[PDB]
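Chemist:
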Ligand SMILES: NC(=O)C1=CN([C@@H]2O[C@H](COP(=O)(O)OP(=O)(O)OC[C@H]3O[C@@H](n4cnc5c(N)ncnc54)[C@H](OP(=O)(O)O)[C@@H]3O)[C@@H](O)[C@H]2O)C=CC1
Ligand SMILES: [Zn+2]
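Structure follows, in structure tokens:
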């Protein structure tokens with residue numbers, strides 16, 4: 028989800044845009060600013076939380092050797108989901 | 014024109030400062046009683062030399078070597094500097 | 489209070505005798521620049537400014553708010569030289585940007601009296617300059633130029649004023665306790681019937697103390713955490 | 036100071052000087068030197084060009100990565116002028132042409148374009164504007180070139196009150212049309228000089244001096260609304276100047292006097308060419324006119340520049356015009372010409 | 014004593030005579046260099062440059078260092094005579110593209126962060 | 043120990059040790075030390091004054107006849123009084139062997155040129171003169187070989203900076219390639235890689 | 051065949067270093083302190099010579115860190131303090147030397163954790 032600053036310049040996923048008082052805008056005159064519109068922070072929020080009937084789950088990112096190093100995520104906390112430190116996938120336990 | 018500060022740099026264990034040390038351990042207090050508002054900064058020295066610094070109006074400054082001076086010579090030098098001399 | 493503590497130390501010394509080189513009396517400072525300023529002959533406190541209000545005021549990183557414009561006459565030319573915009577900056581007529589402790593090779597004296605030197609890690613932002621260089625440039629502009637041009641030369645002058653400021657790890661000193669004790673007995677100011685309460689009552693008063701601390705978001709987070717647990 | 040434009044570094048190629056300059060007419064004789072001097076410091080240079088981009092490639096190596104930015108523009112379209120000066124704090128104007136084309140006249144390049152540049156710069160908030168006029172610019176001058184120069188000077192001053200106006204005189208250099216122009220007349224056998232060139236006094240200035248003066252005027256804080264006159268250190272009669280020029284190039288000097296009307300007719304004949312003319316009637320008028328003396332205006336010495344005399348830089352221009360036999364002659368071999376000073 | 018080994022000279026007199034012969038050679042060679050490389054400088058300028066280059070090392074008192082400097086000067090002269098150097102290498106001695114770096118305190122204070 | 047460890051040859055070790063015995067015995071005046079490494083390489087450390095004798099012996103003696111000069115280089119160790127360590131690698135085709143002779147010098151002491159012993163040294167010594175600044179006495183033509191004409195300094199010294207002091211660019215005003223003080227768009231990033239735990243206890247030094 | 055030179059050794063004229071990088075530079079000779087994030091002490095064995103930090107600015111393009119100091123990455127390694135001092139003296143550099151710091155020997159005792167009357171007894175183990 029890319030937005031536009033009041034200057035009229037696209038704001039990157041890092042949230043940077045040249046100020047109205049910044050001369051460096053001239054490098055985009057008659058040219059374009061390269062902005063990627065697939066914001067990873069927005070794309071990972073759309074992933075549903077996974078409910079698993081175990082206290083400890085394992086995540087390798089999917090794909091086996093094509094993912095990330097295999098890690099183990101604990102699910103004792105009930106007020107918060109278990110997040111993978113590599114992939115951003117969320118895991119929890121059946122509740123309520 | 015007038016005296017603003019006096020600085021005595023004495024070398025703590027050097028023999029050449031012995032007399033100066035004597036002054037500090039005998040006749041400094043009386044001097045500070047005679048001059049309640051005169052800064053007299055007693056500072057530590059290197060292995061080099063004992064000296065006495067006198068500062069006057071508008072940042073004029075002159076020094077006197079106190080090497081091997083006896084306590085009487087040191088107090089005479091302070092009397093000369095405090096008076097309108099040297 | 490200083491007279492009373494010196495009297496206690498005198499009683500200890502004249503009762504137990506001269507145990508050797510023990511130096512019972514101690515003063516615990518909390519300001520990094522206080523001991524060096526005292527060594528250079530500065531007058532501690534701001535009593536002189538209140539006694540004789542000046543027309544030109546040099547605020548060399550002074551942000552304690554001890555002197556405000558109500559304490560000074562009108563058309564007073566206040567000059568601030570520092571690195572943070574804080575208590576002392578908006579009241580200034582001219583602001584001179586200086587370097588912080590991480591941006592200069594500068595000397596600070598310990599509460600022990602030990603002199604140490606910092607090193608340049610980064611360079612001052614924008615047009616900020618080293619403080620002694622600012623003062624030297626100002627002296628040259630005014631025509632009353634100072635006799636030193638490099639850092640080694642200003643440190644030679646510093647040695648001239650107080651030689652202990654160039655010995656960068658030596659803490660050895662000479663004890664002159666009896667002279668100061670004798671001199672403290674002349675005046676006899678009476679104590680005040682007010683309990684001794686430190687300004688640092690709890691942990692929440694510790695995080696923000698100087699201009700750098702007040703400008704830090706981490707210290708603000710720490711204060712917000714210690715005021716309410718959550 | 037929009038801190039991205041605070042100086043940083045040692046004033047080298049990779050350093051930042053806080054200068055963002057739009058150099059109109061940067062593809063000319065003076066423009067290449069101005070751009071080179073700007074890029075040496077580490078300045079952000081905007082080059083507006085209308086020619087083929089090939090003709091700008093000699094400006095590529097003059098700055099660090101991203102420091103020189105080329106954009107197209109039209110002299111008659113103010114939108115392009117606005118587009119190229121939006122983010123600049125300095126606008127240098129060097130647009131000019133020694134001859135009139137079918138699309139642009141002297142008033143178009145010396146009055147209309149400078150006025151449009153100044154007006155757009157004032158509207159866009161440009162702080163510093165440097166404008167280049169001629170030392171001999173007069174409203175009642177016999178040449179259209181200088182009348183247009185004077186009118187443009189007035190109009191630029193009206194549109195941009197704080198503009199710095201620089202009036203040089205007969206810049207000489209490797210790519211000039213002053214030393215090369217006189218040297219190239221050897222191809223006609225004789226050198227036509229009106230009144231044998233004894234009634235005309237010239238004070239030519241070096242190109243590097245002009246470029247350094249422009250740079251110093253950019254960096255000078257008190258040169259806002261001042262007008263400067265960049266002249267050389269010596270004044271010579273046209274005859275002595277051309278004699279010295281031919282002596283440096285080791286070519287036989289055969290000067291003859293030509294009447295003003297006939298040599299004007301020759302200029303009219305040469306004007307007809309659809310390419311860069313070899314000479315024109317306006318060039319005729321400007322060549323046979325004495326350089327003005329303006330003792331009330333500041334010069335190069337006010338900007339810290341010491342003018343370079345012709346005798347130390349003539350060899351670097353006129354060695355190309357020598358034959359093989361004289362190609363290795365030294366600079367100390369020409370015995371400089373006579374100067375009528377004071 | 015320091016027990017040091019010579020290169021060519023035993024004392025400063027031999028080193029000085031070697032310096033003098035090298036200076037003679039450079040002084041003789043300068044006009045030929047100006048003509049061959051088609052330099053725009055004068056012969057007097059080139060001889061001033063040679064003199065300045067020699068005088069930069071006037072403070073050396075070690076005969077060994079003086080001998081090594083003379084050896085390096087002979088290599089430079091050999092490169093110049095054989096036209097192994099180009100015009101750029103000869104003209105690098107004059108620093109015509111470097112703006113004058115100021116020396117006084119105020120100019121350094123005004124320009125940058127370093128002395 | 044079998045698969046992933048380099049096998050040891052003790053026959054060559056004993057042969058090289060015996061030849062070090064032989065060389066050290068024949069030339070006591072110059073040979074200062076003889077070493078044999080655990081991968082069967084023989085080193086002889088000699089006084090500099092013996093560069094020409096020892097080498098000649100190793101070339102001309104019937105039992106040695108090291109008739110090939112493989113390489114001649116220098117190493118800079120700034121912590122030593124004699125800064126530069128000169129290394130000669132010789133090859134004997136008759137006995138199919140290799141030997142190393144090392145000597146030392148500093149910035150001001152010259153070393154006898156070995157071009158008379160080995161014609162191959164002519165360029166090698168020049169490189170040592172070019173890169174390290176070691177002067178070689180009695181060289182037929184000693185000059186720079188690898189650096190640019192008029193280049194000041196000797197880059198292979200440890201105190202010489204990686205990027206040097208000057209850089210070249212073409213200037214249009216003077217119409218030539220000129221040299222200016224070096225400036226970098228991006229500074230070389232220095233990495234502190236050494237681990238705070240020692241790896242090899244066999245090389246531990248006295249505790250100072 | 052010796053000449054017996056007297057004065058101090060100085061090779062500044064033979065190094066090709068510009069004057070501004072000799073007379074204005076200040077080197078530090080020191081033993082680097084142990085990184086407190088680790089307990090190993092292998093990096094506290096040798097002496098080091100480094101130079102004073104100079105200005106670093108940011109590139110107008112891409113925002114990288116640009117420098118103009120050629121000696122900003124030069125660190126030299128020495129066995130003893132006097133070796134580094136001699137190197138600096140013969141190279142014409144002004145130096146500051148910091149004397150080596152070593153952790154003083156400490157008296158440790160496991161039994162002190164369980165003292166009968168001293169304050170040393172530990173609350174938890
Ligand atoms: N004798 C001298 O040289 C001195 C010069 N004068 C003034 O100095 C200025 C620059 O001098 P100089 O460099 O020698 O002149 P040049 O002819 O060499 O170049 C002038 C610049 O102006 C541009 N230009 C010319 N005509 C037009 C146009 N109709 N529309 C848009 N741009 C145009 C040219 O671009 P392009 O190449 O693409 O056509 C060119 O880049 C001029 O204003 C001149 O009048 C001041 C005193 C004398
Ligand atoms: Zn994962």
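Protein chains in written order, with PDB author numbering: chain T, 28 to 123; chain F, 14 to 99; chain M, 489 to 718; chain J, 36 to 377; chain E, 14 to 128; chain P, 43 to 250; chain L, 51 to 175. C-beta atoms are modelled at their ideal positions from N, C-alpha and C, and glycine is treated no differently.
1. Do the segment 42 to 52 of chain E and the segment 137 to 152 of chain P meet, that is, are 3 or more Cβ pairs less than 8 Å apart?
2. What three-state label does DSSP hand residue 118(T) in the structure shown?
3. Excluding five sequence neighbours on each side, which residues of the same chain lie with their C-beta closer than 7 Å to the C-beta of residue 534(M)?
4. Shortest alpha-carbon distance to residue 175(J) belongs to which of 337(J), 233(J), 200(J) and 185(J)?
5. Ordered along the chain, which non-local residues of its own chain (more than five positions away) have a Cβ less than 6 Å from that of residue 69(T)?
6. Given that a residue counts as buried once 16 or more other Cβ atoms are within 10 Å of its Cβ, and exposed if not, what is residue 180(L)?
7. Could you check whether the Cβ of residue 79(T) sits closer than 8 Å to any heavy atom belonging to ligand 2?
8. In or out: residue 536(M) buried (at least 16 other Cβ within 10 Å) or exposed?
9. Any residues in the segment 105 to 130 of chain L with a beta carbon nearer than 7 Å to a beta carbon of chain J? Which ones, in chain order?
10. Three-state secondary structure (DSSP) at residue 700(M)?
11. How long is the line joining the alpha carbons of residue 47(J) and residue 120(J), rounded to whole angstroms?
12. Tell me whether residue 111(T) counts as near ligand 2, meaning its Cβ is closer than 8 Å to at least one heavy atom of that ligand.
13. Under 8 Å from any heavy atom of ligand 2, does the C-beta of residue 116(T) make it?
14. With 9 Å as the threshold, decide whether the Cβ of residue 118(E) is near any Cβ in chain M.
15. Can you give me the C-alpha to C-alpha distance between residue 515(M) and residue 599(M), rounded to a whole angstrom?
16. Chain E beta carbons: is any one of them nearer than 9 Å to that of residue 188(P)?
17. Anything in chain L within Cβ reach of residue 590(M), meaning under 8 Å, just list it in chain order.
18. Compute the minimum distance between the beta carbon of residue 148(J) and the heavy atoms of ligand 1, and state whether it is under 8 Å.
19. Would the segment 80 to 91 of chain P and the segment 84 to 97 of chain L be scored as touching if the rule is three or more Cβ pairs under 8 Å?
20. For residue 98(E), which of 189(P), 131(P), 245(P) and 123(P) has the nearest alpha-carbon?
21. Just the chain P side, please: which residues come within less than 7 Å of residue 68(L) by C-beta, in chain order?
22. Based on the DSSP output, what are the partners of residue 434(J) in its beta bridges?
23. For residue 94(T), is the beta carbon positioned less than 8 Å from some heavy atom of ligand 2?
24. Which of helix, strand or coil does DSSP assign to residue 160(P)?
25. Do residue 73(J) and ligand 1 come close, with the Cβ less than 8 Å from some heavy atom?
26. What three-state label does DSSP hand residue 59(J) in the structure shown?
27. Give me the Cα-Cα distance between residue 161(L) and residue 154(L), rounded to the nearest whole angstrom.
28. Since residue 223(P) sits in a beta bridge, which residues does DSSP pair it with?
29. Suppose you measure from the CA of residue 94(J) to the CA of residue 85(J); what does that come to, to the nearest Å?
30. Can you find a heavy atom of ligand 2 that lies under 8 Å from the Cβ of residue 98(T)?
31. At which residues does the alpha helix (DSSP H) containing residue 74(P) begin and terminate?
32. Assign residue 217(J) to buried or exposed, taking buried as 16 or more other Cβ atoms, counted over all protein chains shown, within 10 Å of its Cβ.
33. Quick check on this structure: which residue in 582(M), 579(M) and 618(M) has the alpha carbon closest to the alpha carbon of residue 588(M)?
34. Taking residue 494(M) as the reference, give the member of 704(M), 572(M), 670(M) and 552(M) with the closest Cα.
35. Beta-carbon separation of residue 49(T) and residue 33(T) under 9 Å?
36. According to DSSP, is residue 157(L) part of a helix, a strand, or is it coil?
Modeler: According to the structure data:
1. These segments do not touch.
2. Reading the first chain from its first residue, position 91 is the one you call residue 118(T). Assigned with DSSP and collapsed to three states, residue 118(T) falls in strand.
3. Counting from 1 along the third chain, the entry for residue 534(M) is found at position 46. In the same chain as residue 534(M), and ignoring 5 residues on each side of it, the C-beta atoms closer than 7 Å to its own belong to 554 and 555, in chain order.
4. By 1-based counting over the fourth chain, the position of residue 175(J) is 140. Out of 337(J), 233(J), 200(J) and 185(J), 185(J) has the C-alpha closest to the C-alpha of residue 175(J).
5. Here the question's residue 69(T) lines up with position 42 in the first chain. Correct list, in chain order: 28.
6. Nothing about residue 180(L) can be reported from this structure: the residues present for chain L run from 51 to 175 only.
7. If you number the first chain from 1, residue 79(T) lands on position 52. Relative to the non-hydrogen atoms of ligand 2, the Cβ of residue 79(T) never comes closer than 8 Å to any of them.
8. As a position in the third chain, residue 536(M) is number 48, starting the count at 1. That one is exposed.
9. Against chain J - using a Cβ distance shorter than 7 Å - the residues of the segment 105 to 130 of chain L are 107, 110, 111, 116 and 118.
10. Along the third chain, one-based indexing puts residue 700(M) at 212. Secondary structure of residue 700(M) (DSSP, three-state): helix.
11. Here the question's residue 47(J) lines up with position 12 in the fourth chain. Here the question's residue 120(J) lines up with position 85 in the fourth chain. Rounded to whole angstroms, residue 47(J) to residue 120(J) spans 25 Å at the Cα level.
12. Working through the first chain from its first residue, we reach residue 111(T) at position 84. Distances between the C-beta of residue 111(T) and the heavy atoms of ligand 2 include at least one below 8 Å.
13. Here residue 116(T) refers to the residue found at position 89 of the first chain. Yes, since a heavy atom of ligand 2 falls inside the 8 Å radius drawn around the Cβ of residue 116(T).
14. For the purposes of this step, residue 118(E) is taken as the residue at position 105 of the fifth chain. Interface residue, yes.
15. Sequence index remark: in the third chain, residue 515(M) carries index 27 (1-based). Sequence index remark: in the third chain, residue 599(M) carries index 111 (1-based). Between residue 515(M) and residue 599(M), the C-alpha separation is close to 8 Å.
16. Within the sixth chain, residue 188(P) is the residue found at index 146, counting from 1. Residue 188(P) is outside the set of residues whose beta carbon lies under 9 Å from a beta carbon in chain E.
17. As a working mapping, residue 590(M) is identified with position 102 in the third chain. What residue 590(M) touches in chain L: nothing, since even the nearest Cβ is about 10 Å away.
18. Translated into positions along the fourth chain, residue 148(J) becomes position 113. Checking every heavy atom of ligand 1 against the Cβ of residue 148(J), one is found closer than 8 Å.
19. Cβ pair count under 8 Å is below three, so no.
20. For the purposes of this step, residue 98(E) is taken as residue 85 along the fifth chain, with counting starting at 1. Sorting 189(P), 131(P), 245(P) and 123(P) by C-alpha distance to the C-alpha of residue 98(E) places 189(P) at the top.
21. On the seventh chain, residue 68(L) is found 18 positions in, with the first residue counted as 1. Those are 207, listed as they occur along chain P.
22. Given that chain J is displayed from residue 36 to residue 377, the structure contains no residue 434(J) and the question cannot be resolved.
23. Within the first chain, numbered from 1, the residue matching residue 94(T) stands at position 67. Result yes, Cβ under 8 Å from ligand 2.
24. Position 118 of the sixth chain, counted from the first residue, corresponds to residue 160(P). If DSSP states are grouped into helix, strand and coil, residue 160(P) belongs with coil.
25. Within the fourth chain, the letter at position 38 stands for residue 73(J). Residue 73(J): no, Cβ never under 8 Å from ligand 1.
26. Your numbering for residue 59(J) matches position 24 in the fourth chain. Here residue 59(J) carries a strand assignment [DSSP, helix/strand/coil].
27. In the seventh chain, residue 161(L) corresponds to position 111, counting from 1. In the seventh chain, residue 154(L) corresponds to position 104, counting from 1. Distance between the alpha carbons of residue 161(L) and residue 154(L): 21 Å.
28. Counting from one through the sixth chain, the residue named residue 223(P) turns up at place 181. Its beta-bridge partners are 208(P).
29. Reading the fourth chain from its first residue, position 59 is the one you call residue 94(J). Reading the fourth chain from its first residue, position 50 is the one you call residue 85(J). Taking the straight line joining both Cα atoms gives about 14 Å.
30. As a position in the first chain, residue 98(T) is number 71, starting the count at 1. Yes, the Cβ of residue 98(T) comes within 8 Å of a heavy atom of ligand 2.
31. Within the sixth chain, numbered from 1, the residue matching residue 74(P) stands at position 32. From DSSP, residue 74(P) is part of no alpha helix (DSSP H) but of the beta strand (DSSP E) over 73 to 78.
32. In the fourth chain, the residue the question calls residue 217(J) occupies position 182. Result: buried.
33. In the third chain, the residue the question calls residue 588(M) occupies position 100. Looking at the Cα atoms, 618(M) is the closest of the given residues.
34. Position 6 of the third chain, counted from the first residue, corresponds to residue 494(M). Considering only alpha carbons, the answer is 670(M).
35. Indexing the first chain from 1 puts residue 49(T) at position 22. Indexing the first chain from 1 puts residue 33(T) at position 6. Their beta carbons are not under 9 Å apart, which means residue 49(T) does not touch residue 33(T) by this criterion.
36. The residue you call residue 157(L) lines up with position 107 of the seventh chain. Coil, per DSSP.
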